[PDB]
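Beneath this line is the structure, given in structure tokens, with notes to follow.
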Amino acid sequence: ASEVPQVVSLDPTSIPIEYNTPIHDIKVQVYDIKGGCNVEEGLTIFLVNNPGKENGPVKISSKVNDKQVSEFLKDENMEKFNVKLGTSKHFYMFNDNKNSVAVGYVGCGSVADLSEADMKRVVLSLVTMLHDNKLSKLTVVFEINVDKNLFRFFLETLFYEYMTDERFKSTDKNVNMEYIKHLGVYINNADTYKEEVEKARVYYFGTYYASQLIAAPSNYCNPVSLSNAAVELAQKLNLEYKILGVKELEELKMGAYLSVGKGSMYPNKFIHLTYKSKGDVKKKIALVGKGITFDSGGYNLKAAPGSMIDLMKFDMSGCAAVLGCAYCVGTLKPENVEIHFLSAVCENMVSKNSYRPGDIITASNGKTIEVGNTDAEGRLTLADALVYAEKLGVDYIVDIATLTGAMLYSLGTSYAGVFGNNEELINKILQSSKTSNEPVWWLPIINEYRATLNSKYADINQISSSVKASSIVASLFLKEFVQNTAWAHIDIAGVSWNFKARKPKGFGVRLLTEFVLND
Amino acid sequence: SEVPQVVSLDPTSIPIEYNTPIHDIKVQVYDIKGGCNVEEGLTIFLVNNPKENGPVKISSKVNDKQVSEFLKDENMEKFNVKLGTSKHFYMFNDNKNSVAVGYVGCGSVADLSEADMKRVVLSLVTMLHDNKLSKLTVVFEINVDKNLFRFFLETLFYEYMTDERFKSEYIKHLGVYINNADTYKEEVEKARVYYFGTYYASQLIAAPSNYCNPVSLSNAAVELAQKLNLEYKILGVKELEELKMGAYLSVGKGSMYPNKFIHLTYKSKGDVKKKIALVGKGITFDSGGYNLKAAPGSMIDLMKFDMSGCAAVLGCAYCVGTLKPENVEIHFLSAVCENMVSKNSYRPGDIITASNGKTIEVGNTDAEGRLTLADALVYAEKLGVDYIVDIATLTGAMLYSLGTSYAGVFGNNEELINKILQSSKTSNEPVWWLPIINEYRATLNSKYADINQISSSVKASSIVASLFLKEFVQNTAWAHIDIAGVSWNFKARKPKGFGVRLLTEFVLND
Amino acid sequence: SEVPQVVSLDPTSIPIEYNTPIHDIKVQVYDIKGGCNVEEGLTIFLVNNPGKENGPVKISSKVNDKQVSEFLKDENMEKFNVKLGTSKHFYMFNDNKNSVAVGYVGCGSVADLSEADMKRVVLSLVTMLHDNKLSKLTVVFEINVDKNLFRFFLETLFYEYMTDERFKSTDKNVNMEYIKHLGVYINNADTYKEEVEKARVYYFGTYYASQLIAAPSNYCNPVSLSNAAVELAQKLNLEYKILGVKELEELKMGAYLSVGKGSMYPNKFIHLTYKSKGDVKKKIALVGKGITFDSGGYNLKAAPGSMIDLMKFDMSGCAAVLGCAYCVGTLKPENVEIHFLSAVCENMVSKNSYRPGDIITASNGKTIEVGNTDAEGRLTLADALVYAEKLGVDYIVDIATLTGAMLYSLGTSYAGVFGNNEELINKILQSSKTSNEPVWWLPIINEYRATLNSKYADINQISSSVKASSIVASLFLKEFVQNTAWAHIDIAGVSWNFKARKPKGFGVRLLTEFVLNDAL
Amino acid sequence: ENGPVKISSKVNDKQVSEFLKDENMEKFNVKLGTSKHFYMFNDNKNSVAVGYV
Ligand SMILES: O=C(N[C@@H](C(=O)NO)c1ccc(-c2cc(F)c(F)c(F)c2)cc1)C1CCCCC1
Ligand SMILES: O=C(N[C@@H](C(=O)NO)c1ccc(-c2cc(F)c(F)c(F)c2)cc1)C1CCCCC1
Ligand SMILES: O=C(N[C@@H](C(=O)NO)c1ccc(-c2cc(F)c(F)c(F)c2)cc1)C1CCCCC1
Ligand SMILES: [Zn+2]
Ligand SMILES: [Zn+2]
Ligand SMILES: [Zn+2]
């Protein structure tokens, strides 16, 4: 654990992390719909659709164990309301014991199978019923068909979107913030769904924890304080850990990673966490996250309109995802596997000591690199981290990184792109995407572009001079640093930040965790 | 129709070369087992080395003592196989005749990609352009499958030909030596057809916008159809008004050239088992309209290429009309017009009505391609086809997703998308499946019209354009090929004719 | 106190000229009803002709010399006209058979000259003083001016006549000679005599401020500026205190300190105080933005039209406040206590700089999400406003080169005033009138406040949707005054005189008149 | 600031009076633009909706 340097004594020296969230105090009970719904305190919400009838009428199908509430919810009363996706209504009535109860529904549309994006819309509607209403309990009645993973996704998303991060509030805390203490879920074949509840809560915190690191500003989350957070996390989970400092990085000849951090007041810190199963180890995996805690662009300063330099605390979203995965893996303790969680953390700054456009630098596999643009720094840090990962002797290397802005022009803000040198590995990532419900799309590494990286003087160019398809070119670059290991690369530059909600998504935690678990 | 002119010097047709020197080349395919005769012209050995950039070593037998001595291992070791490197020497053979002998390096990979093979071909063509020859002979000392072999022939033919129509010598024989020569001979004349559909596409694209305008391009298509005995129909403004194609007619309002909608049809002999509509975007010049292409890098001087999709569809008509596949019916459609700045032009913010009744709020007059394609798709679905495939230089964002080498395909039907991907493998024109992400559909929800033409927020323009196109296909398998990044060869300063061979392979493979 | 240096040639103080040539001018005022003596130097008549646009010149004064009276009779003067700013020179012999120079400056046809029209008159007069080695100037007022305008005439003449040669070395003007005598003839002279030395005080306060502004950033840095402020306090016998970093850390000025993090010069907070002898009825804090160079920080001023080479003037507000301190310390008003405040720092690019997106904590506990490092002035003012309110004053007025949007709203002639108190604003407008430094009241539009709602901090530094930056910046500053009448004077558009390529010293007389009128 | 909702007016319905009681409304707050409304049966068993802004 290292000392965080300060310019002034008001500079913070750690990231505030909330571990014991109000979500963790929520008692969750799952009941089978066949037993009928008890409708008592709190708010009871039916999730209802009308297959085929766009904006069709609401009909409540479940048995309700209360004559008054059953009468209130009969078809002719409900027919003036419709199932339009995201609609909701509140109901007030007295039950059979003369206690007032609150009931309502959320519309789930007319399509039988909700997509992840449809389900998020339903959850957002449900959460607006939880905000600005001091409730002790929520009950949710599923009158829609969801498989096990989509049930888990529903809960993860509910937990994530209900939580409000006030770590940086001081004079402006929400006076009225109270969370429910109890969550009831009514669903058919409840016994098959119960196993998803604790998994959902683990997936929620891994995602929320990565979100807390991303949203933390760069004066709080810097290379020293971020690697201290990873040490603390590993201590709580009994993970092995090792933080490499500059000396050790110099000895390992990590010249591409070290050159990116030369201009920072914070020394480079390379994070290496390990989880090993107690049994026989049948699979070794390295997960690599880009960890740039602030990206000014360097001397290729982000000054062009739309370059969004104020967002760039988010350039360690990949590291955050990998650490959030370490929380889920360390908590759920999968068997027969050894996972290495890696991040070459640094800060990309303008200074007399910064590396320069045109500098030629030597990565740890001895390849010389001509720097054509100091703002393409992530691929330099990953080059050395990929060489480190391969020396571990793993079966798979997966990296995740907010690498290229061109992703916003290719897949946009909803799907990450995955690239790789190995079709089997790529299919497993896509399978994890489908079970985690974090969407990813396979994109090609087009070999015809490789020659635009030929350098007149160094072994290779960092950037292309001619090719504008920069996500593919960056993948071509990274591929040069994996000699003989199956490797995939997930570019989350376009999906990491939720611009509408002004917050991170913690994207990738569930994806990488499903990837580890199903292996 | 008569092409309107501003002055009498204004051109009134697209010059086209149908009969090209390529068509005079006599092609002969020989087996390698017999050894190679080196009696005239230039003879090139395609050789690899599976040591990286290691030395050239010739394995074929040559029936000539002098050339054999030239090719002995001690000489050729002075040369290397780095991809595209070549040397050729002139010398006298056993009968005191002058012959040229050389090689092209094919690298160290056993399987050549389409990109590598293109690099091999370019080095060959460079020698062809610098030497007065009567004959070229190519000796395949590498392994290529039938499709890759035909691709080599098409690419050689296409790159060898020089388009001199706007300016103010070729070999007469091609010899090929290859293992299992008999299995390759049927590819030869198919390559010749594929070359010409591609070169004809490229002639239309390279033709500037004063020669190639909606009128003269629909006239060119008529002449093409007459030569191939295809049914043909050109819709004018009167008929387009009757069909209420307001999106398409709006784009052309500011042009001096009337809109012309092209419709050709190929009908197979025998039972028709599949009906396909191929839809090409045909903007003969895209200035941007009032959303003028004035921004750095918007490259207005390239926008004669905005009809590359139409040209690909007409080049496919040539190939289909010439090879005459069976059991298929194909419609070749294009809504041709020109996007100009005028007192009569459509404006940013106009609300127009498409031919299916959907109102569209225009957010940017430079997103004109999707407006013309919308009315073209409503026309096509009314034909009752099984498949609609449209091909278009639609969004500049392709340059930032897949780049200049691979085109993007989006669609509403996985089986149709998979047929396109399979056609990409056998045509060796590279395509990559990109998604239509439904979560972005809400960005097209106009406050006043039924739908917005563009998003004001989402930067994934190629996906948003596909979501817009998809709104104009109700109940038909549909796919959309965005060739905006891939159509123009910036290094060679010429069109690629991209998509002809892809679409023809799609038709022929059913 | 010690200015850090990179190399030994770096300057360690701001060159400041206190005893200017203006101060060596003997000024005499005579009543015009006694007649004008024309003996020597240049004698300029200020002449209008009401109604008749471009009307003929007529010299109404009595001239106590037969030869010059004859030269100036109406027949001779008829070929000249009074178009505002026009001027002519005459040469003749007086009764003593000495040659004299005489002339006039046209003041137009409107009998009431505006602030801007009188500037035009002075500039024409000054053209007659330049490139002419004269020992004496006489001005005859044949136009009507109240007392504040006669003062404004003199202040302006003094300011424009002076030439700042502190940074000239091999290109000093070898012909630079200043008059040693100024004579003024005006109706009811006795009532205008008191304005002369006031104008001289107001001239130097303005000129002192312009010296600090024009001084480049390698001379005028946070340490050398606070050093000069101390030296001014000592000369004026003002109380003074300079707060360094350790004391600012103790005061928890996290907003102010973050801006200066990237600089080689330690932050210095200037605190000067004037206190009347006897009863103190009004307590006032004047707060001046003092960024000695504004690079933009990591939001570097690199966009076309951002004029990074002008950004030595970003301490203009601090300079106005120090100039006002000179005037108040010199004129010594009664019944008031005045605090002269400036949070001085430099906004630089470095490994140590604050970053876009940092969340920082102001001295009032509020957390701030930095959205643009180039909106640094409102951060330093935030902590300075908190400091000022803890002093327990009746009024807080701040003056700052805050927003470039002022060029698009009021432009280069009028400053904008914003505030939370109607009475204070009217006092500023009233002082604007008697100082002749023009100011226009602009609203603080509360509907925009929501765009400063931050997702993670208590407040955003900037709006991401509102383009009305002068108003948004005012809404931000309001969050740092809890219960005190406060006004904010944005001088970003009016501070630099782009045509003459020099500072105006704007605000010194406005603030001094504000203090003086509240004392009376 | 952002204090609880409290309804002063008397309403001539027993069902809605109970819904509007202080103990129920204080779970809601008056932050500008925040609203809730609920469907219920009134004394005549007619469907009505009651809320606040
Ligand atoms: O894609 C690039 N750079 C990314 C970067 O700076 N990596 O360390 C980059 C990554 C994300 C963004 C970005 C992402 C967003 F989601 C966004 F909203 C935005 F405004 C910018 C922009 C650039 C390259 C392009 C080639 C030259 C170097 C910069
Ligand atoms: O993608 C767009 N426009 C394309 C167009 O004009 N369609 O009619 C467009 C298509 C191709 C290019 C383009 C392609 C190139 F290969 C190229 F080199 C180039 F400079 C531009 C640019 C824009 C939209 C993007 C949404 C808003 C309007 C402009
Ligand atoms: O108004 C702003 N910035 C001013 C500033 O940097 N304050 O410390 C700013 C102030 C003055 C100018 C300015 C003033 C001039 F008189 C001028 F000629 C000029 F070119 C710029 C430009 C910007 C904001 C604009 C939105 C948030 C980022 C900075
Ligand atoms: Zn970068
Ligand atoms: Zn266009
Ligand atoms: Zn600034």
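Only heavy atoms go into these numbers, but all of them, side chains included; no hydrogens, no water, no symmetry mates. Just so it is clear: chains get the letters A, B, ... in the order the sequence lines come, proteins before strands, and each one is counted from 1.
- Distance CG/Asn447(A) to CG/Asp116(B): 8.0 Å, rounded to 0.5 Å.
- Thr404(A) does not touch chain B: none of its heavy atoms, backbone or side chain, sits under 4.5 Å away.
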Start with the C-alpha distance between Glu439(B) and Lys120(A), add both sets of side-chain angles, then the distance that settles side-chain contact (heavy atoms from CB on, under 4.5 Å), and finish with yes or no. CA-CA 11 Å; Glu439(B) 184 170 24; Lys120(A) 177 143 179 302; 5.7 Å; no

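- Top candidate by heavy-atom pairs under 4.5 Å with chain A, chosen from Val464(B), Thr404(B), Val458(B), is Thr404(B).
- Counting heavy atoms of neighbouring residues, nucleotides and ligands inside a 6.0 Å radius, atom OH of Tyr400(B) does not exceed 12 of them.
- Counted within 6.0 Å of CG on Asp113(A), heavy atoms from surrounding residues, nucleotides or ligands total 12 or fewer; the atom is thus considered open.
- Between atom CZ of residue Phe499(A) and atom OG of residue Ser457(B) there is a gap of 11.0 Å, rounded to the nearest 0.5 Å.
- For a residue to count as touching a neighbouring chain, one of its non-hydrogen atoms must lie under 4.5 Å from one of that chain's; by this rule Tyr449(A) touches chain B with the side chain only.
- Taking CG from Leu443(A) and OG from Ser401(B), the interatomic distance works out to 8.0 Å, rounded to the nearest 0.5 Å.
- Within the 4.5 angstrom heavy-atom criterion, only side-chain atoms of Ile437(B), from C-beta onward, approach chain A.
- More than 12 heavy atoms of other shown residues, nucleotides or ligands fall within 6.0 angstrom of atom NZ in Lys505(A).
- Within 6.0 Å of CG on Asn145(A) lie no more than 12 heavy atoms contributed by other residues, nucleotides or ligands.
- Atom NZ of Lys479(A) sits in a sparse spot, with 12 or fewer heavy atoms from other residues, nucleotides or ligands closer than 6.0 Å.
- Remark: aromatic rings of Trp442(A) and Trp433(B) are distant, center separation not under 6.0 Å.
- Atom CG of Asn484(A) is surrounded by 12 or fewer heavy atoms from other residues, nucleotides or ligands within 6.0 Å.
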